[PDB]
Amino acid sequence: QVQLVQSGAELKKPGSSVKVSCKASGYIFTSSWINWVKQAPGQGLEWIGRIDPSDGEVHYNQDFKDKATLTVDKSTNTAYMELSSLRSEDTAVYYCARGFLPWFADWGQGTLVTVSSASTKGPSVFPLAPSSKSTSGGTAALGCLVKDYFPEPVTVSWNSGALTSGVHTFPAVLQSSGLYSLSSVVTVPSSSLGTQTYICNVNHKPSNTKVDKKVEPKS
Amino acid sequence: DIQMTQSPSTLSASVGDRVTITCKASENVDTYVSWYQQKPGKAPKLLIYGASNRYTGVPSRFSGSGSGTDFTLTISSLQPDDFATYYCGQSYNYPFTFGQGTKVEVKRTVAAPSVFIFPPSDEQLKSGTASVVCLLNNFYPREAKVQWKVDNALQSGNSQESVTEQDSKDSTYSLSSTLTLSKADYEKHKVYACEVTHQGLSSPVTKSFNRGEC
């Protein structure tokens, strides 16, 4: 079993450098190159550079020329990639693949380098109350707006998991403020609105937050 | 600098089909091309290499061909799991590059979104901030144009949105757009509109509310 295990996710303030690692097991470390690919969120794979553990020989993509620095320890079977002057553009997932030469045979699970100067902030929950009293519509859309939080992630359940069908917890967006924010909605029967209680259970472990916000029809 | 251009960008197929993805290099790379598959929050899995050699372990329905600058990935019997995104890349010369990728999503009949507009809460307004939310529920296909309109004035740059991953039951997509304004700013107007344009709509559907009016 070949195996490349990368370091734990990193959170860094702009301007800071970072040193991600990759440990291989399952073969001859010094017989294969160790590659490094960057993949920003929702983006593709960008190659950073390559290094021969055998002697430290290294060839970098000129674009990361001033950003990436691949070093390697042949005694501890690990390769390193130190990034400098971390900025937003540096926020991505860094992978370490091994090549039985030209091909990337085995990859690492990747490391998530998140560059932001923002500090741990619990979210502010707001209701997304249903608005309408008709006979044409049967479903009513309601939900919660977990807003201005950091870092990821925020877990959201309805009526403590008693509600799952129709629920929709979208992917968090990273606001200009640098803080995260997401919305959760569930489509439910207008009739139930006055007989069933709806509550979203938002938790943000980072800030040790837990909040239940009853979302009801704004009559 | 060799460029790898895939095609299409999004392949919408149905289980069993025999899908074929293309990847064109901008320079000869002999057969130094390799295909990878990738699922959300997972590391790329090598599929083919050498332009045709099926990596040890890959299912046989996967096959790759090509040489020079024209390459094509092939799945003869698209399985319920082969639904993901596929990348091609060349390691011929430096620097190594990858294709933009091809999303192979599940096909289904068109279905317009179910739209809902949400005024900002009073609670949030107390904090001098207003977030207007527009919900486009379970629609297909994924292409959807959303436009906010305050007092019928087009907005720009004050709205963000996120799309769910193709649902696992009705294979639809849900989008959520947010128009962020300041308390005063917000109170300085009446009508807030959310115009949604989608293939499943004969004409753009709008959903609006008025500050105050219940």
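**Re the nonpolar core**
Among the nonpolar cores identified, the biggest contains 40 residues, and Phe 104 and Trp 107 of chain A together with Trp 35, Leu 47, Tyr 86 and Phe 98 of chain B are the most heavily contacted of them. At the level of secondary structure, the elements contributing two or more residues to this core comprise β9 (92–99) and β10 (104–107) of chain A together with β2 (10–13), β3 (19–25), β4 (33–38), β6 (48–49), β9 (70–75) and β10 (85–90) of chain B. Tallying contributions element by element places β3 of chain B first for this core, with 4 residues. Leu 47 of chain B has contacts with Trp 35, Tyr 36, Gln 37, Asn 53, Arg 54, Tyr 55, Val 58, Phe 62, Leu 73 and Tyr 86 of chain B, leaving out every residue within four places of it along the chain.

**Description of the packing of aromatic side chains**
Counted by the stated rule, this structure contains 20 aromatic pairs over all chains. Summarising the aromatic geometry, the rings of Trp 47 of chain A and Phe 96 of chain B are spaced 4.9 Å apart at their centres and angled 50° between planes, so their arrangement reads as tilted. Note that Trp 47 of chain A is positioned in strand β5 (residues 46–52) and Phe 96 of chain B in the loop between β10 and β11 (97–98), a pairing that runs across two chains. Here a set of aromatic residues connected by ring pairs shows up, and it is made of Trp 47, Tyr 95, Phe 104 and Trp 107 of chain A together with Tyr 36, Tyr 94, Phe 96 and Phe 98 of chain B. One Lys or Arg, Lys 19 of chain A, reaches over the ring of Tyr 80 of chain A and ends 4.8 Å from the middle of that ring. Positioned over the ring face of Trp 33 of chain A is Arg 50 of chain A, at 3.8 Å from the centre of the ring.

**Remarks on the sheet that holds strand β15 (residues 145–150) of chain B**
All names here are of chain B. With antiparallel pairing, the 4 strands of this open sheet are ordered in space as β16-β15-β19-β20. In this open sheet, the two strands that pair with only one neighbour each are β16 (153–154) and β20 (205–210). The pairing of β15 with strand β19 (residues 191–197) spans 6 bridges and is antiparallel. Looking at β19, one finds that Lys 145 is bridged to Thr 197.

**A short note on the interface of chain B and chain A**
As a measure of interface size, the accessible area lost when the parts come together is often cited. Listed per partner, the contact involves 42 residues of chain B and 44 residues of chain A. With both sides pooled, the region where chain B packs onto chain A buries about 3,500 Å², and carbon together with sulfur makes up 65% of that total. Ranking the residues of chain B by area buried against chain A places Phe 96, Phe 98 and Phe 118 of chain B at the top, with a combined share of 17%. The tally of links from chain B across to chain A stands at 2 salt bridges. With a shortest N-O distance of 3.1 Å, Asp 122 of chain B and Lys 218 of chain A are connected by a salt bridge. Where chain B packs against chain A, one counts 16 residue pairs in polar contact. When contributions to the side of chain B that touches chain A are tallied by element, the ones reaching two or more residues are β4, β13 (114–118), α1 (122–126), β14 (129–139), β17 (159–163) and β18 (173–182) of chain B. Counting residues per element, the side of chain B that touches chain A draws most heavily on β14 of chain B, at 5 residues. Broken down by class, the residue content of the side of chain B that touches chain A amounts to 21 nonpolar, 16 polar and 5 charged.

**Quick look at the pairing of β15 of chain B**
Here 2 bridges tie β15 of chain B to β16 of chain B, and the two strands are oriented antiparallel to one another. Across the sheet, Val 150 of chain B pairs through a bridge with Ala 153 of chain B, a residue of β16 of chain B.

**Quick look at the state of the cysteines**
Residues and elements named next belong to chain A. Tallied over the full model, the rule gives 4 disulfides over all chains. Disulfide pairing is shown between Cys 22 and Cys 96; the S-S distance is 2.0 Å. Looking down the S-S bond of the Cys 22 and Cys 96 bridge, the torsion is 80°, so its handedness is right-handed. Highlighted residues: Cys 22 in strand β3 (residues 18–25) and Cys 96 in strand β9, separated in sequence by 74 residues. Just as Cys 22 is buried, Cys 96 falls in that class too. Here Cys 144 is linked by a disulfide to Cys 200, with a sulfur-sulfur distance of 2.0 Å. Looking along the S-S bond of the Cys 144-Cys 200 disulfide, the torsion reads about -90°, which is the left-handed sense. In this pair, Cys 144 is assigned in strand β13 (residues 139–149) and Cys 200 in strand β18 (residues 199–204), connecting sequence segments 56 residues apart. Look at chain B and number its bonded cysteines as they come in the sequence; the links are 1-2, 3-4. Each disulfide in chain A links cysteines that, numbered along the sequence, combine into the pattern 1-2, 3-4.

**Regarding the domain arrangement of chain B**
All names here are of chain B. In terms of domains, chain B is made up of domain 1 (1–107) and domain 2 (108–211). Here the C-alpha centroids of domain 1 and domain 2 sit 36 Å apart. On the domain 2 side, the residues contacting the 6 residues of domain 1 number 7 residues. Surface buried jointly by domain 1 and domain 2 totals about 500 Å² across both partners, of which 33% is contributed by carbon and sulfur atoms. When the buried area of domain 1 at its contact with domain 2 is split by residue, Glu 105, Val 106 and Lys 107 rank highest and sum to 65% of it. Counting across the domain 1 and domain 2 interface gives 4 residue pairs in polar contact. Here the side of domain 1 that touches domain 2 gets 3 residues from one element, more than from any other, and that element is strand β12 (residues 102–106). Among the residues forming the side of domain 1 that touches domain 2, the class breakdown is 2 nonpolar, 1 polar and 3 charged.

**Here's the deal with the pairing of β2 of chain B**
All names here are of chain B. Of the two faces of β2, only one is covered, namely that formed by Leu 11 and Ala 13; the face formed by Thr 10 and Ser 12 stays uncovered. Of the strand pairs in this sheet, β2 and β12 are connected by 4 bridges, and their pairing is parallel. Bridging from a neighbouring strand, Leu 11 pairs with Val 104 of β12.

**Concerning the sheet that holds β3 of chain A**
Residues and elements named next belong to chain A. The 4 strands lie next to each other as β1-β3-β8-β7, forming an open sheet whose pairing is antiparallel. If you trace the sheet from one side to the other, it starts and ends with β1 (3–6) and β7 (68–73), each paired once. Strand-to-strand twist of the sheet, defined as the mean angle between neighbouring strand axes without regard to direction, takes the value 20°. As defined by bridge partners, β1 adjoins β3 across 4 bridges and the pair is classed as antiparallel. Residue pairing for β3: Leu 4 is matched across the bridge by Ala 24.

So, how was this worked out
- Residues numbered from 1 in each chain as written, not as in the entry; some residues may be left out.
- Chains lettered and ligands numbered in written order.
- Heavy atoms only, no water.
- Residues with missing side-chain atoms left out of burial classes, pairs and counts.
- Core = buried A, V, L, I, M, F, W, Y, C linked by side-chain atoms within 4.5 Å.
- Buried < 20%, exposed > 50% of the residue type's maximum accessible area, 1.4 Å probe, protein only.
- Helix = DSSP H or I, 4+ residues; strand = E, 2+ residues; numbered from the N terminus.
- Contact = heavy atoms within 4.5 Å.
- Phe/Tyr/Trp six-rings, centres within 6.5 Å; stacked < 30°, edge-to-face > 60°.
- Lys NZ or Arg CZ within 6 Å of the ring centre and 35° of its normal.
- Pairing = 2+ DSSP bridges.
- Buried area = accessible area lost by both parts, 1.4 Å probe.
- Salt bridge = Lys/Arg side-chain N within 4 Å of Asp/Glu carboxyl O.
- Polar contact = N/O pair within 3.5 Å; in protein donor to acceptor, adjacent residues only side chain to side chain.
- Nonpolar A, V, L, I, M, F, W, Y, C, P; charged D, E, K, R; others polar.
- Disulfide = S-S within 2.5 Å.
- Domains from an automatic or database assignment.
- Axes fitted to C-alpha atoms, helices over the stretch in contact; angles between N-to-C directions.

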